Amino acid sequence: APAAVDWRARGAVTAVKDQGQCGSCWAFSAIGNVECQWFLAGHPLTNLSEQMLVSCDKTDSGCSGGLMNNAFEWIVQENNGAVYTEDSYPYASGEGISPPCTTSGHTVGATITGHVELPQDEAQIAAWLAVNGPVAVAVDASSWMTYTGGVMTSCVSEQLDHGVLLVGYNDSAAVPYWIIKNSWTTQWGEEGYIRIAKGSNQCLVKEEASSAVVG
Ligand SMILES: *[C@H](CC(=O)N1C(=O)C=C(OC)[C@@H]1Cc1c[nH]c2ccccc12)[C@H](CCc1ccccc1)NC(=O)[C@H](CC(C)C)NC(=O)[C@H](CC(C)C)NC(=O)[C@H](C(C)C)N(C)C
């Protein structure tokens, strides 16, 4: 695996979003992953709809939480692999109330065929990411509140409660790290990103890693 990867530098990552006062993290992570996979399968960078998942995926629980893997399953088994554009299906749960699933039509922005669950192993996730792109992961984000910058090295790592997107890593640094996209605006952390130390399962980063499959 390479020493360092940042998918943002290939132009593969969309702007940092704002989930607002809704517990839709799982959807931002899932959709983040799909946006990057669609881009890397050859299509142009498209912003996709989280609201689709929050309002329409009934295996998950909207503003009350969910799981990226359930979202990937819902997309494939209940929605024929289709993911709508953000433009046609925009986010409306910023105040913490999800609207009902829409009964209009929307523009399809991407299509997925499945997802893979990655091993529970930081090095193998890194290798898979170098080859195939950004990975949806669950983390314990209890200690993320106070984070302003740097590489977090004492992340409380007791219970998975948050979903985010790995976009890179650096194995060469003094303190190796993952580069993680969050959904709490660009005013949080490092322009909306966080670096956590790599190699010591910080925030339980390795426990629940996965990705949609395009094509
Ligand atoms: C997304 C995370 C989130 O929005 N967060 C935070 O983690 C921290 C935040 O702000 C500080 C925001 C809002 C927030 C969450 N807790 C608090 C407390 C106080 C202030 C602000 C906040 C959501 C959050 C769900 C939620 C919503 C309202 C209140 C509490 C929690 N997290 C998830 O959806 C999470 C993501 C997984 C780990 C990828 N999913 C779960 O926790 C589910 C919960 C079910 C679906 C209700 N649990 C599991 O998936 C779990 C495992 C991993 C299989 N189960 C099945 C045991």
Side-chain angles (χ1 to χ4, degrees), residues 16-37 48-78 83 86 91-99 101 112 114-122 125 128-129 134-149 152 154-167 178-196 201-212:
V16 163
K17 293 166 186 201
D18 186 10
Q19 76 184 75
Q21 303 168 150
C22 172
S24 48
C25 57
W26 57 280
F28 284 80
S29 166
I31 291 300
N33 167 263
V34 175
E35 291 167 337
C36 299
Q37 295 296 306
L48 299 175
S49 175
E50 292 85 20
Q51 195 65 59
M52 184 193 68
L53 289 178
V54 176
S55 295
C56 302
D57 165 4
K58 305 300 163 168
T59 319
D60 290 300
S61 317
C63 283
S64 297
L67 242 194
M68 288 80 74
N69 285 341
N70 293 168
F72 295 138
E73 252 130 21
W74 185 85
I75 290 159
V76 175
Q77 294 162 357
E78 301 298 325
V83 178
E86 189 139 72
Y91 191 60
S93 308
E95 259 92 313
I97 323 126
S98 177
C101 186
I112 60 166
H115 64 284
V116 280
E117 299 177 8
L118 297 189
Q120 304 183 304
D121 187 297
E122 283 182 276
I125 287 159
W128 190 100
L129 179 147
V135 176
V137 297
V139 293
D140 183 338
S142 324
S143 63
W144 288 26
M145 297 328 297
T146 58
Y147 172 84
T148 69
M152 149 179 303
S154 314
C155 184
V156 173
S157 319
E158 293 312 331
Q159 253 253 132
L160 295 177
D161 68 354
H162 186 31
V164 296
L165 185 76
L166 298 177
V167 307
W178 294 110
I179 304 169
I180 289 178
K181 192 197 196 194
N182 205 354
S183 43
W184 300 348
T185 79
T186 60
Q187 259 86 16
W188 173 88
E190 282 174 354
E191 303 314 293
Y193 293 80
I194 175 162
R195 290 182 295 149
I196 65 173
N201 199 21
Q202 293 288 320
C203 321
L204 306 171
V205 72
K206 81 192 205 188
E207 310 289 35
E208 177 86 355
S210 59
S211 178

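Below, each value reflects all heavy atoms present in this structure, side chains not excepted, and no hydrogens, waters or symmetry copies. For ligands, and for the atoms within them, numbers begin at 1 and follow the listed sequence. For reference, positions follow the sequence shown, starting with 1.
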Practice item. Could you tell me whether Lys181 and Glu191 have a side-chain N and a carboxylate O separated by less than 4.0 Å? Key: no

Check your understanding: Is it true that a side-chain atom of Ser157 and a backbone atom of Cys203 form a donor plus acceptor pair closer than 3.5 Å?
Key -> yes

Point to revise | Check: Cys22 main-chain N/O paired with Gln19 side-chain donor or acceptor under 3.5 Å | key: yes

Revision key, fill the gap. Sorted by chain and residue number, the residues having a heavy atom closer than 4.0 Å to an atom of ligand 1 are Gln19, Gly23, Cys25, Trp26, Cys63, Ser64, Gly65, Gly66, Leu67, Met68, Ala138, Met145, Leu160, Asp161, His162, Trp184

Review point. Should the ring pair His162 and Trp144 be called parallel, tilted or perpendicular, given that the plane angle runs from 0 to 90° and is split at 30 and 60?
Key: perpendicular

Check your understanding: Is the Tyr91 to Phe28 ring centre distance short of 6.0 Å?
Key -> yes

**Study point:** Pairs satisfying salt bridge (charged side-chain N to carboxylate O under 4.0 Å, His left out), at least one member in residues 53-76, at least two apart
**Key:** none

